[PDB]
Amino acid sequence: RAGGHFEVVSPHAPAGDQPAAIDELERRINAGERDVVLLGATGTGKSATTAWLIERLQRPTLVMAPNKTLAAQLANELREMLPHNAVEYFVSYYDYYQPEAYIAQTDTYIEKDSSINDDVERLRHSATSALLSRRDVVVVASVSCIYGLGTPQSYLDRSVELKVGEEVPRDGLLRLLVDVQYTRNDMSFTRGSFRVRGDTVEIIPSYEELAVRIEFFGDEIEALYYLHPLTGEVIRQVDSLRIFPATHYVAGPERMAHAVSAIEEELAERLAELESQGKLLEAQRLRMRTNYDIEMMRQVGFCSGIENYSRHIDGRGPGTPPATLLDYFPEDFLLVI
DNA sequence: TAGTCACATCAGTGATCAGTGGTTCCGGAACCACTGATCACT
């Protein structure tokens, strides 16, 4: 995690309680205080104090807010004070979301339905990449953060970097693009997708807004270039760049194998459980749904309900905390709630 | 008794297009000139 210094551009002049408060909070955190409280009255500007504390500590910060409403107004403001560091975002990426719900009394299956937002997931993946690519990363998170996730381990593993001049098989590059959830959209150009024409390859990464054109000298990386996605305007050129998986359900083929194994084992477990319960209808419905799900893992590796198998994918045990953006954070990560 | 909770998609469902199957339709009297009798003569 390469942590660039949190360059603070604050034309405001701190006064009143700001200096003493920041100093005492700083020494508080220095004192190993795993539990701290702040009394910030209205108009006291908690955002600036949090930014300065993050600057002093130089740790990847996770800030916790209770509703997506709040996150918006603050994160943009901090970017003004931090125009040279990774400022990020994460909340529920759902314009709408009915859960997988079950009216037991009526035996009614209100199936999980969701109108999926785009920019929310974009910023989610940008945040995960930034955390697993640099230490100067600040992320605003809804409680969703503590829900089940994939492993930042595999997140950083599946990611692959390419540099100008280095020999690299283009076909292997496409293979790893597929393995990191990027589609060979040879028809049009879309987010997290890409197209191949001759040695030329043009890709929009899922987290990175812009696109990139790579020219190939046979099976060698001829050159890399930033781009506007559709117009293709080369923003600039850099020798090397990394790509992270477009999914947070990152998992090597071996991790998919282990997840499938544990899924089948706990599937037998739940089969016996519902058989004893006498809930044969529910048992069979779950059985066939997960049968289709595992079929299209063994074929594709992608579907709905993948999260429900996080304990298998992450591989940790039942009842333990599933993977989290906290794992995406270091142990010396800054935390604010 | 109650506000937030958030981890996509088989399968209709037909619109709608957008390809395929087929449509369909006029002017005919002119124009080019060609062709079997009829007195004629023998």
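Note that chain A carries Swiss-Prot numbering, so the residues on display, from first to last, are 23-359.
Backbone N, Cα and C atoms are what each Cβ position is placed from, and that goes for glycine too.
What Swiss-Prot annotates here:
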- A:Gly62, A:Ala63, A:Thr64, A:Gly65, A:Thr66, A:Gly67, A:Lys68, A:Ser69: ATP binding site (BINDING)
- A:115-138: motif 'Beta-hairpin' (MOTIF)
*the motif 'Beta-hairpin' (A:115-138), counted residue by residue under DSSP: helix, strand, coil*: 0 helix, 15 strand, 9 coil
*Within 10 Å of the Cβ of A:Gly65 (ATP binding site), how many other Cβ atoms can you find? Include all protein chains, please.*
5
*Counting only residues 6+ apart in the same chain, whose Cβ is under 8 Å from the Cβ of A:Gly62 (ATP binding site)?*
A:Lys68, A:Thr71
*Specify the count of other C-beta atoms within 10 Å of the C-beta of A:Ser69 (ATP binding site).*
16
